[PDB]
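Next comes just one chain, in structure tokens: the form deposited in one PDB entry.
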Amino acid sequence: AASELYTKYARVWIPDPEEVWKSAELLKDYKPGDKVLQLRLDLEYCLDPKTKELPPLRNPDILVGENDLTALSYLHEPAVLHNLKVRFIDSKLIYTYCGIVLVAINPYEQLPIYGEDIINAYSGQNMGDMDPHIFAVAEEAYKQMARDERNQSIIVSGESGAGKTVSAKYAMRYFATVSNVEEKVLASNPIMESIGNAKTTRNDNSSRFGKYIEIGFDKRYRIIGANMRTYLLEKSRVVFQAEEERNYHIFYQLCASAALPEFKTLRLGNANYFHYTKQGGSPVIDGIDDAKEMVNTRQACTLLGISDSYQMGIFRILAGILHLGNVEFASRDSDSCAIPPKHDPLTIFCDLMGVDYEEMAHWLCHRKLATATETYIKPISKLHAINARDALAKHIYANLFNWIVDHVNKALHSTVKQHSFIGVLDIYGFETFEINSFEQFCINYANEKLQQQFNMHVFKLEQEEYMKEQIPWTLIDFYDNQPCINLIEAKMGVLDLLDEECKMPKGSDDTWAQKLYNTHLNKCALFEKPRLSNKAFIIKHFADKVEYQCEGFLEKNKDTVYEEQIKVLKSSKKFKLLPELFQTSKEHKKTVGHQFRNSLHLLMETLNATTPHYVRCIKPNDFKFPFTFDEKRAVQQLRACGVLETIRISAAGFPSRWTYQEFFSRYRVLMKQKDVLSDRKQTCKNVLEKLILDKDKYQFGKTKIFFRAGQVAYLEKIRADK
């Protein structure tokens, strides 16, 4: 250990409120068992006696600025941060490899780096031969489709507004130029934002679901079309919104265009008139005109062949849902309830939908149970009827969302047989607010799951690198997320309990919290309980520790739709769409948690049947400013992307990788001609066996030396000393 690196004139990184880290030289040599550190930025950094932990060391210049983050010798947050910052600001480079990962910082301006000249430079090349570019990732995907006879997936994660739609477009521009999909898929984006995005406390245009777009190729490996799948939809949002948040964009679009002549009939008020759209107390997004955004959505529908008729159907269904949310209930007693007579909301529901007020009014307040003997109808509480109303709304929405996806798909599908595909996934990354609820819990769960599948891919490839290089592959450690995932999704886990409790007549938020404690507290390290509360739990997620408020969890998870409620609607006539939506019983007993898990294992299956490549998209600042880099936002983004964990894992094995030549040709000056044999590979072994005495700071393989973190910076320092 000794630690003869904290010398005098050695750079380190210390913390900083405005920049997160400040670069700080040295004045005095650090003495073992010291407690100080004199620095001329001038202060005396004082470490804490128990931690006795030194600030992270800075990297030597030959490595600063590198195209690959895992060629830094000191792999830590500052180095990563500093490296991304100088490339972006000084050199205007948006793309940086992180091992097999592409990091893409959104520059908030159009760059002249996507033309045919550049495309051509990248066709044929191998990964890493050239400078990092989204095109390189496309090339790999395309090249490998052809040589492995196997479909590929490019996963593009990050917060919406971070440049994922740009990344997908240029993967498509690239695919279409080395082999009219791109124009058609981008024309669909506004259809898909209107129904799947929504304002939250932290993004005015957050995407609440995963979009996978399979780009189809023929046997001559040319593009023929596209097919979109979707997963992970936040159904909760359709009927509940937190303070400051909104329902899906399309609902608000519709209610700010209520006065339009052809929506007279939908008798829409403004967005504060509807239960399903006013809970957040903020119907207008500053700088956003919901009425203007509606014309883009229809234009988009028109452009993917959705007829003005079917379009009118969409908004008929949606006005439907809104009005449904206003159906009020009066309970007769704990066990039953009724809809007031001559009740406006359901009058309008029923006129729009094309059904009988009375038959609806009835199955809104009753329930058909069936047993082997026979069947019977019972009344149901005001509460169970809210839950059924909401479930119906959610079910209408979900199936309207699938309807609209099928019909985009018809505009995208090709007749030519398809031999293979490359799917671009547009998924979110980690989400933490000051207050966290069911929705964040779902995003984070998906994120552990996408992180595990990434870790296991990297780990396969490392094992493969080791076999080739003739180092024993079992020497590679795995950093496993399966315990956090079981804690969430396995028998007796968070979601299983949430299900159980939801079925208990007396079960509430506080009684589920208690089952969480009695089952996991002090019995699972990934599970903490805040010392000062009984209504919150904590999960040690890979990227960060997250506190969840239990409020709302039991209601949001419930999702039992009643078949009688459906069949009423499944039988309209004054309206072609509505019955189309519903063209069984176990599937809709299922909670939102449970459906989420199914959608998520659907998504993993899809990706596991393919070779994945990875792109991480970050926002450098909070205002869409061109080439501007805010350190606090950068770290948060890289963290929520998994890049900081990716880099930690890397930093714990043998990240630096020099070929024997690269090494001889850098460190020739460090050896004496006496020890320079005719065998190059053997000289280096001997030479380095002297220069670094401890043997497990590096592994010798066939063609490369593999180094521990800091060993190249050590080498480079004694190249300067001389």
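All residue numbers refer to positions in the sequence shown, first residue = 1.
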Gap size, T584 back to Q583 (deposited sequence, no coordinates): 10 or more
Deposited residues lacking coordinates between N486 and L487 (none, 1 to 3, 4 to 9, 10 or more): none
Of 674-682 and 61-69, the stretch whose C-alpha atoms average the higher B-factor in the entry: 674-682
Mean temperature factor over C-alpha atoms, higher-scoring stretch between 707-715 and 19-27: 19-27
C-alpha B-factor winner, where the candidates are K264, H395, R633, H594: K264
C-alpha B-factor winner, where the candidates are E551, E149, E109, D426: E149
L461 CA temperature factor, ranked by third within the chain: lowest
Third assignment of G305 from its chain's C-alpha B-factors: highest
Chain-wide C-alpha B factor ranking for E605, given as lowest, middle or highest third: middle
Relative C-alpha B-factor of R237, binned into the chain's lowest, middle or highest third: lowest
Entry-reported Cα temperature factor of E500, expressed as the chain third it lands in: middle
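What comes next is about the form deposited with a partner chain bound, which does not appear here.
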Its partner chain in the deposited complex reached by all of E431, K535 and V635, non-hydrogen atom within 4.5 Å: no
Proximity to its partner chain in the deposited complex, single hit among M312, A176, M504, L521 (heavy atom within 4.5 Å): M504
Contact assignment for its partner chain in the deposited complex, among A525, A609, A370, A146, heavy atom within 4.5 Å: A370
Its partner chain in the deposited complex: contacting segment from 485-493, 180-188, 157-165, 457-465, heavy atom within 4.5 Å: 485-493
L497 within 4.5 Å of its partner chain in the deposited complex, heavy atoms: yes
Its partner chain contact in the deposited complex: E374, any heavy atom under 4.5 Å: yes
Contact test in the deposited complex: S334 vs its partner chain, heavy atoms, 4.5 Å: yes
Heavy atom of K589 within 4.5 Å of its partner chain in the deposited complex: yes
